């Protein structure tokens, strides 16, 4: 049921510690809102941290992303993300599609 989103331009990066709305969020050029995952323990805290790095990276640089998201929230929750440099003819990678065409 995991949803693939492709070629998102992230334009807004949000840190928020207000209760009932804490966590990190991104906003798409078209106003898609997603929440970034989070994790205390190894090994996901590695990946959730790199989610934050990647997300910042796009908003700062204009770079595109590809998201494996859950439309079982609102804002949705980013379950995996791919950062892509300019000059890539294709959008998402085949390896990235396949992994989310599974959960």
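Residue numbers count along the first chain shown, from 1. Throughout, rigid core stands for the largest set of C-alpha atoms superposing within 1.5 Å between the two forms.
Quick one: with the core lined up, is it 40-48 or 68-76 that wanders further in 5 other deposited structures of this protein, going by C-alpha RMS?
-> So, of the two stretches, the farther one in 5 other deposited structures of this protein is 68-76.
What stretch has the higher average Cα B-factor here, 55-63 or 68-76?
-> The stretch with the larger average C-alpha B-factor is 68-76.
On average, are the C-alpha B-factors higher in 81-89 or in 6-14?
-> For C-alpha atoms only, the mean B-factor is higher in 81-89.
Comparing against every modelled residue in the chain, figure out the third that the C-alpha B-factor of residue 40 lands in (lowest, middle or highest).
-> Residue 40: CA B-factor falls in the highest third of its chain.
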